[PDB]
Amino acid sequence: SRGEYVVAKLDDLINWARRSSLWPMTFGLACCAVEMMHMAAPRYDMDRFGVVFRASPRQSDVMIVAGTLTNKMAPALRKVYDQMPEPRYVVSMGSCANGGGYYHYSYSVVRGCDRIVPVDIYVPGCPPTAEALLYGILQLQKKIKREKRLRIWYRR
Amino acid sequence: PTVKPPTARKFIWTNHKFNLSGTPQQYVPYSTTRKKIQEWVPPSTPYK
Amino acid sequence: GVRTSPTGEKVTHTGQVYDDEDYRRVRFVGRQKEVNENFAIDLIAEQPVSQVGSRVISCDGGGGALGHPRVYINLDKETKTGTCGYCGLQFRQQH
Amino acid sequence: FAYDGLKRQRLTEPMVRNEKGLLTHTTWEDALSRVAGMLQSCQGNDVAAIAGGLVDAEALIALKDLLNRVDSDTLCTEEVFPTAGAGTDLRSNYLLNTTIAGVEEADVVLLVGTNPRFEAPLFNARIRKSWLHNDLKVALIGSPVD
Amino acid sequence: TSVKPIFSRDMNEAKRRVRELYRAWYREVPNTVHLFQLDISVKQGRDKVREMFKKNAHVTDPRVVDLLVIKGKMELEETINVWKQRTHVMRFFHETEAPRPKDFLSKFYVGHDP
Amino acid sequence: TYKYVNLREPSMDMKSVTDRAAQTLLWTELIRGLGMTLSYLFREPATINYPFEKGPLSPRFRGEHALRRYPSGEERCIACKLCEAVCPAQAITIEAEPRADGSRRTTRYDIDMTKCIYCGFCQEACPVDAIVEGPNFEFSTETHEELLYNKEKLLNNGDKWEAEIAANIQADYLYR
Amino acid sequence: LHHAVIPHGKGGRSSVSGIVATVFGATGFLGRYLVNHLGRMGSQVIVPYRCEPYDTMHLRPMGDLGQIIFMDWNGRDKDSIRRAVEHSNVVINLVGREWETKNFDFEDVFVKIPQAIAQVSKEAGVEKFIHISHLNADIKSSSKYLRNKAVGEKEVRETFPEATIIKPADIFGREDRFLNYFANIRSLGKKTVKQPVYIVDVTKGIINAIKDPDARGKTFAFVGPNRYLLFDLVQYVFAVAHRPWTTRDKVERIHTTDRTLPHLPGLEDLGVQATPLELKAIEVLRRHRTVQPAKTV
Amino acid sequence: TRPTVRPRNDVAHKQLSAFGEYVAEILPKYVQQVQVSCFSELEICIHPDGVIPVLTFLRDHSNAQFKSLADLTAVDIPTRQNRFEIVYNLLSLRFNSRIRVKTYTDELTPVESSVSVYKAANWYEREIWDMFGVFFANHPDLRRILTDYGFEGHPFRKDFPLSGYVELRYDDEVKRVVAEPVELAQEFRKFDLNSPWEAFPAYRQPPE
Ligand SMILES: NC(=O)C1=CN([C@@H]2O[C@H](COP(=O)(O)OP(=O)(O)OC[C@H]3O[C@@H](n4cnc5c(N)ncnc54)[C@H](OP(=O)(O)O)[C@@H]3O)[C@@H](O)[C@H]2O)C=CC1
Ligand code: SF4
Ligand code: SF4
Ligand code: SF4
Ligand SMILES: [Zn+2]
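For the structure given in this document, a descriptive report is provided here. (Residues numbered from 1 in each chain as written, not as in the entry; some residues may be left out. Chains lettered and ligands numbered in written order. Part of a larger assembly, values for the part shown. Heavy atoms only, no water.)

**A look at the overall build of chain C**
No. 1: Within chain C one finds one helix and five strands.
No. 2: Expected size for 95 residues packed as a compact globule is a radius of gyration near 12 Å; at 20 Å, chain C overshoots this value by more than 25%.
No. 3: Here the C-alpha coordinates of chain C stretch approximately 55 × 30 × 15 Å along the principal axes.
No. 4: Partitioning the intrachain contacts of chain C with sequence separation of at least 6 by distance along the chain shows that 33% fall at a separation of at least 24.
No. 5: Total accessible area on chain C stands at roughly 5,100 Å², and carbon and sulfur atoms take up 46% of it.
No. 6: Separation of charge centres in chain C, based on 12 positive and 12 negative side chains, amounts to 4 Å. (Helix = DSSP H or I, 4+ residues; strand = E, 2+ residues; numbered from the N terminus. Rg over C-alpha atoms; globule rule 2.2 N^0.38 Å. Contact = heavy atoms within 4.5 Å. Areas by Shrake-Rupley, 256 points an atom, 1.4 Å probe, with all protein chains shown as cover. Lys, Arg positive; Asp, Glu negative; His and termini not counted. Charge placed at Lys NZ, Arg CZ, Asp CG, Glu CD.)

Here it is in structure tokens:
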């Protein structure tokens, strides 16, 4: 049909523009911040993918939770998540953000940031390398590329 | 590996698969152990 | 050496498979149950028994330091082979 | 080595008889209601209880007080001890009064009607230790067991 | 049995300090309901303050109630100076926690805890 | 054995004062900084073309975990639980039993990859080189429980990456 | 009862509640809070979703790992319904649209899909089935919503004879279309009498209907403790929210009075204290700010 | 014992023993023990009423001049009735030396704050309040420093469990991060590692 073709091409356009202009807000909590900074450093250079370095939280498209989430900061994480405009994504970077990690059995650590915010990409490592984080960001772009917002809207 | 080939084994995958996450072929975890306690099955005949 | 339950589910090399009335099969709906189809119990049976001319044999698994710790296997029983407790290779005195 | 029977043949859920007379799984509410509805219709010797060989003192006094609320004194064990004479009134006529340790202090042990090697194997091991170190004299009235 | 005091020489000075801490919390509850924009009433927050004070009402040691007044002053300073968020104030109201079985029979039904 | 950073007295003759005033009024060090930024403008950047170009790794690299085999197909793991004893984050969960040929083998070998600190104490505690931490670092998932590897997943990582893992161990086993 | 579905733990996130729930329509207003209250017990929750997977992200922190299983389903595909319900011990229906669409009218959403779900849940061996009708459901109703929902209630009752059918009156909450409709309309005042019910009361009633074996085959009516006229209720909405998308079917439903059904059980028969509007309307309408309470009848 | 054994420093042992005698006899009102370890570290174990007079001495005396507070530490030892052991690591830059000043308290006896001697202590003993519950009298702003704001319990006490008593999660009903009792999906596996054989006969305690 014509309408299905039109909403498919518009889905492809808006998914292209969203995955090719991802703006991150990095929670530089712990040691994974150093490796996000290496993913911004000139060897890997996220800025050539259209992924800018340190966009403000009220204009960013993806929240990279890079470090250990403690109990004292989990409401601040959730408040910054609630202040992000949609579509917002969450990359969980490294073991403490993924599942608690080396501080999993601690009294003061949230056992993974997925107890606090919905998470799209889990990037494993302690820390994951800057290349592994850039792999996770390209996998997030591939996840955005196969979104079907207007096709489901046309089929609802 | 054209110059120094890898050592061939009967269990090394002939078909390398890429990252299957987000597909129907992704990894789903489960407990690989069997049942620990055995339950008592009552008899299928009546007790009269 | 994988077989299949009547539910259609592959039994793992441990022997694990969910029951039919077990709800935990729902995790594989639309997805797959990843099993390894190279059973080590079926592959170590395929090895030939090494006929040696000695009474005590040593096994390290091959490769020198890339194998297991070097153990010594007695071969006095002519009824049964002498199996390495690490790698599963088995040995027979040739007399 | 009997701990592997502790994970086989286990009772895990309450069972009641259905309309076909077969045991079927149920809840604790339904099972305790169906037992208590019959227990309220009992009085005196209408209800009795047999204690098994593996029952702790807490469940024993629990079921004793429960049947004493119905005024039932018929509470039994599987193992017969004779009630003639003193019975279970004095403790001394149903105990190992000497001790397990006091076997080390005896000089003649008389064993009547028992195979203590299997009925109480470490009591027999203590008798053997006193046999070996104290030159204990042992006699047995019964079948000539090892 | 001669111990060094924290603030109170006896229990009457201790009750004076308990009383002044309760006065400060009682005054603070409407401001706490307002600026944290809570979903509770001022009366319900004062009920929670009274519940937390009555929870410790069996202590007879002056040093223990001196530490209780010190910790209450610390929680009060964390409430007045807006250092707690809304979540720390609402943790006194165990709202998402399902009510536990209290009698014998429901604890028998749910599991093994006495 | 020590030196004084910033303990210089500037010269007060008219030459040096006029040098400092030409610096102040004519912005000489600001043009120096613009010159250094212009100098990096005309350099070749250090940017590799990921994913087509890859960061250089060593054979010691500690990435994704893999249970290995012998050159007969028999799995190397003989269920000794040294890896989970040494595991600093308690990521390794092991259950074992004698299997049908009487061999000491695991029935559970789980690694929570979100507890794992990727320090490789398991592969150096392992007496038979069964668990290794292989060279894969590109294994990001979309779901948390996809990073909860059981024995099937780890044996499949071994079968997947063994041609590379064996060569890395061949490079580094004389340092171990 | 299977050993993996015996309840364990202390009723928390890592516990096992023994509830395997397939919640159709879980991405809506009721499904949000029902999956939040199921997954906080340690329940296996199958969420069959129609929409974009992004639009299901908020359901993911609601339970422990592996406790929420997302899968695709189509309403006109019985195979996807069987694929979703065949491991569950309870199936909850929450499929609803306030408005009819080009591909789904009120009969597809309220008659065809609930009868399909209940038929497949009967022929898959599911123990418990909960369906959600409306309190004002009637064949002789002026709105097409209430007519098709009464028809669908009748068909659910006749094809799953042990279905717990639940009648909420007008559910108010943070994501409702009852207080948020009146707070964003800025349609008129008539003789309509309503008793709205709070969403957490509805969710606690649904979970108590899951846990109660006496709720099989019952028809509950979830209403609030206070009945209001429509006019002073709308004036209370505008007074709390500090103020001085629709169709004609929604207008017919707002101008339809909430009926009194004393012969049907309610929230008190499931152990639920119905929360009044005066505690929760400030929590709902705090978003709408840039009060004497409404008179009850 | 040359290659693998640590070389013993006898000169520092003799000098720190002489200075420990020096401090023990200048301040006999508070000094309880003086010990020097085999790796030459001096410990002055004092009475807790002499926190200020001893630390003011070592900071200000012309033969001590321990001007730097390296670290301030508590240790929970529950078998002692004074279970908390407060440790003052001090550095003299003039004599290039380190000293340790150790005292004790239980849960209820306050220790005098040493912010008047070392301002560095302002956070350290503040942390000893947060982690151990040791109250410090006349501290300028004594409150918690590391735990969450509603945190009950003093975590580095050894009767406090490893995972706590509560855990957080976001709850979408109340739209808020909430605290619940902790349930672990995998329990922390306690390992009993200690060998049943005596490792160090020099540390053998006399039996009962
Ligand atoms: N005040 C109220 O809301 C009241 C509601 N009810 C009933 O309760 C139920 C839930 O209400 P509510 O949360 O407000 O409704 P919503 O509109 O918020 O959500 C209903 C859900 O049904 C799904 N759905 C709708 N149409 C279809 C379809 N054709 N095929 C598949 N899925 C579909 C939607 O999925 P998706 O996100 O993909 O669109 C959504 O998840 C409804 O049945 C409603 O009639 C009863 C009384 C009062
Ligand atoms: S995953 Fe590891 S390196 Fe990363 S922040 Fe956590 S502790 Fe630091
Ligand atoms: S790399 Fe370290 S943390 Fe990871 S499984 Fe091995 S020992 Fe455990
Ligand atoms: S992987 Fe190695 S260390 Fe771990 S149990 Fe197996 S053989 Fe032992
Ligand atoms: Zn071998």
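**Considerations on the overall build of chain F**
No. 1: The number of helices and strands found in chain F is five helices and five strands.
No. 2: Counting helices and strands in the order they occur from the N terminus, chain F gives α-α-β-α-β-β-α-β-β-α.
No. 3: Counting across all 176 residues of chain F, residues that qualify as buried make up 50%.
No. 4: Considering only contacts within chain F whose residues lie at least 6 apart along the sequence, 69% involve residues at least 24 apart. (Buried < 20%, exposed > 50% of the residue type's maximum accessible area, 1.4 Å probe, protein only.)

**Some remarks on the environment of H:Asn96**
No. 1: For H:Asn96, the position within the fold is in the loop between β4 (84-92) and β5 (97-105).
No. 2: For the pair H:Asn96 and H:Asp106, spaced 10 residues apart in sequence, the C-alpha to C-alpha distance is 34 Å.

**Details of the sheet that holds strand β3 (residues 89-93) of chain A**
Residue and element names in this part refer to chain A.
No. 1: Ordered by their spatial adjacency, four strands build an open sheet running β1-β2-β3-β4, and the pairing between neighbours is parallel. Edge positions in the sheet fall to β1 (24-28) and β4 (121-123), since each of these pairs with one other strand and no more. In this sheet, neighbouring strand axes are inclined to one another by 15° on average, regardless of whether the strands run parallel or antiparallel.
No. 2: In terms of strand pairing, β3 meets β4 through three bridges, oriented parallel. Residue pairing for β4: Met93 is matched across the bridge by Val123.
No. 3: Seen against the sheet, helix α2 (residues 32-40) touches β1, β2 (62-66) and β3 and runs at an angle of roughly 115° to β3.
No. 4: Against the sheet, helix α5 (residues 130-145) engages β2, β3 and β4, with an angle of about 165° to β4. (Pairing = 2+ DSSP bridges. Axes fitted to C-alpha atoms, helices over the stretch in contact; angles between N-to-C directions.)

**Here we look at the coordination of the zinc ion (ligand 5)**
Residues and elements named next belong to chain C.
No. 1: Coordination sphere of the zinc ion (ligand 5), protein contribution only: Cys59 (SG), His68 (NE2), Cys84 (SG) and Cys87 (SG), at 2.0 to 2.3 Å.
No. 2: For the zinc ion (ligand 5), the four donor atoms are set out with angles of 97 to 125° between them, so the coordination reads as tetrahedral.
No. 3: Counting along the primary sequence, the residues that act as donors to the zinc ion (ligand 5) give the motif C-x8-H-x15-C-x2-C. Highlighted residues: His68 in the loop between β2 (56-59) and β3 (71-74) and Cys84 in the loop between β4 (82-83) and β5 (90-93), separated in sequence by 16 residues.
No. 4: Note on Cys84: relative accessible area 3%, which makes it buried. (Donors = N, O, S within 2.8 Å, 3.2 Å for Na, K, Ca; no water. Tetrahedral: all angles 85-135°; square planar, octahedral: opposite > 155°, others 65-115°.)

**Concerning the site of ligand 2**
All names here are of chain A.
No. 1: Surrounding ligand 2, one finds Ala30, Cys31, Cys32, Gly67, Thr68, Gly94, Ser95, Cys96, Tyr103, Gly125, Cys126 and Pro127.
No. 2: Per-element accounting of the shell around ligand 2 gives the leading share, three residues, to helix α4 (residues 94-99).
No. 3: Its residues placed into classes, the shell around ligand 2 shows seven nonpolar, five polar and no charged. (Near = heavy atom within 4 Å. Nonpolar A, V, L, I, M, F, W, Y, C, P; charged D, E, K, R; others polar.)

**What about the interface of chain F and chain A?**
No. 1: Taken residue by residue, the interface counts 29 residues in chain F and 33 residues in chain A.
No. 2: At the boundary of chain F with chain A, total buried surface from both sides reaches about 2,500 Å², with 56% on carbon and sulfur atoms.
No. 3: Looking at the side of chain F facing chain A, the largest losses of area belong to F:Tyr50, F:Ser140 and F:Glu142, adding up to 27% of the total buried there.
No. 4: Linking chain F with chain A are one salt bridge.
No. 5: Between A:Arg146 and F:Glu142 there is a salt bridge, with its nearest N and O atoms 2.4 Å apart.
No. 6: At the boundary of chain F and chain A, one finds 12 residue pairs in polar contact. (Buried area = accessible area lost by both parts, 1.4 Å probe. Salt bridge = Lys/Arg side-chain N within 4 Å of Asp/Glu carboxyl O. Polar contact = N/O pair within 3.5 Å; in protein donor to acceptor, adjacent residues only side chain to side chain.)

**What to know about the site of ligand 4**
No. 1: Lining the immediate environment of ligand 4, one finds 14 residues, of which F:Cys77, F:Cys80, F:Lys81, F:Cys83 and F:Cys126 sit closest.
No. 2: Residue composition of the shell around ligand 4, grouped by class: 13 nonpolar, no polar and one charged.

**Structural notes on the sheet that holds β5(C)**
Residue and element names in this part refer to chain C.
No. 1: Taken together, three strands build an open sheet; the order of strands is β1-β5-β4 and the sheet is mixed. Where the open sheet ends on each side, the last strands, each with one partner, are β1 (50-52) and β4.
No. 2: As paired strands, β4 and β5 are joined by two bridges and run antiparallel to one another. Opposite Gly82, over in β5, you have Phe91 as the bridge partner.

**Notes on a nonpolar patch on the surface**
No. 1: Residues A:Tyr5, A:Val6, A:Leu10, A:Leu13 and A:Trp16 make up a contiguous nonpolar surface patch of roughly 520 Å² in combined accessible area.
No. 2: For A:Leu13, a relative accessible area of 49% corresponds to the partly exposed category. (Patch = residues over 30% accessible without salt bridge, like charges linked within 9 Å, V, L, I, M, F, W, Y side chains within 5 Å.)

**Here we look at the arrangement of the chains**
No. 1: Most contacts, compared over the 18 pairs of chains touching, are made between chains A and F.
No. 2: Over all C-alpha pairs, chain B and chain E never come within contact, reaching a minimum spacing of 18 Å.
No. 3: Of all C-alpha pairs spanning chain D and chain H, none lies closer than 22 Å, and the two are not in contact.

**What to know about the pattern of salt bridges**
No. 1: A complete count under the given rule lists 76 salt bridges over all chains for this structure.
No. 2: In this structure, F:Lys54 engages F:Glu138 in a salt bridge whose closest nitrogen and oxygen atoms are separated by 3.9 Å. Placement of F:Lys54 in the loop between α2 (28-41) and β1 (65-67) and of F:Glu138 in the loop between β4 (131-133) and β5 (148-149) is noted, with a sequence separation of 84 residues between them.
No. 3: Classification of F:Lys54 as partly exposed rests on a relative accessible area of 44%.
No. 4: Between H:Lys175 and G:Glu175 there is a salt bridge, and its shortest N-O distance comes to 3.0 Å. Taken together, the residues H:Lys175 in the loop between β8 (166-171) and β9 (176-181) and G:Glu175 in the loop between β7 (171-172) and α5 (179-183) connect one chain to another.
No. 5: Each of H:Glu41, H:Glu43, H:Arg80, H:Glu85, H:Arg100 and H:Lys102 takes part in a single network of salt bridges with overlapping partners.

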